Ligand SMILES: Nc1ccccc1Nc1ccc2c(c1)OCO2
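One chain comes next, on its own, written out as structure tokens in the form deposited without the ligand.
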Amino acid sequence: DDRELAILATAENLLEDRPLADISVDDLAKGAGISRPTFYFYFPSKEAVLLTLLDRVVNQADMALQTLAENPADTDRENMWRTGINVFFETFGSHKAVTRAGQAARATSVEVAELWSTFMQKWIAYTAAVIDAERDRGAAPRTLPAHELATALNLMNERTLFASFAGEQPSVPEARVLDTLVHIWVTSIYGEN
């Protein structure tokens, strides 16, 4: 239980400058102070260590958003979307290596692909519901179907925050991505040509 934390902390540290494939099971066992076979009391494989790390990061975001879902709407409509987008920016930005490794594994692991697909569907669904609620109150024009607008905005964030977190080029500079995304959500959700 205490050695299990050691294995996860070692994996997250090692993933910062090495992909999971360049990480052996012996690597994690040494990092945790245990023999290699003793690892398998805690985890069936290194893939399961990544899955546990990703599940905790994803659920950290999920609980931070749901905390905002249960509490009154902010007088300031720009700031309500900024606070939601910032959960993603801060949660995943605090676990870049796991975020990166998680994205790579979406191609190879049905568990990872399902975790990420399901999380994105959940928060796209929530975004569509807030937009539709904004229309019902007259705060937002009835332009595009809410769920399609919400999907594209959420897909932009996934791609743009990942590009920023991985240091890719092209990419928005890290200190600027929050303002950039918020501007595009707010104008596309509240404007009409």
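Residues carry their position along the shown sequence, with the first being 1. C-alpha atoms forming the largest set that superposes within 1.5 Å between two forms make up the rigid core.
This protein has a second form, the form deposited with the ligand bound, left out of what is shown; the following refers to that one.
Heavy atoms of no residue among 25, 43 and 49 are located within 4.5 Å of the ligand in the entry with it bound. Residue contact with the ligand in the entry with it bound: residue 144 places no heavy atom within 4.5 Å of it. A residue is said to contact a partner when one of its heavy atoms sits within 4.5 Å of a partner heavy atom; residue 65 meets this definition for the ligand in the entry with it bound. Heavy atoms of residue 139 never reach within 4.5 Å of the ligand in the entry with it bound, leaving it off the interface.
Residue contact with the ligand in the entry with it bound: residue 130 places a heavy atom within 4.5 Å of it. If you take 120-156 and check each residue for a heavy atom within 4.5 Å of the ligand in the entry with it bound, you get 123, 126, 127, 130, 154, in sequence order. In the core-superposed comparison between the shown form and the other one, the C-alpha atom of residue 90 has shifted by less than 2 angstroms. Residue 74 is among the residues whose C-alpha shifts by 2 Å or more between the shown form and the other one once the rigid core is aligned.
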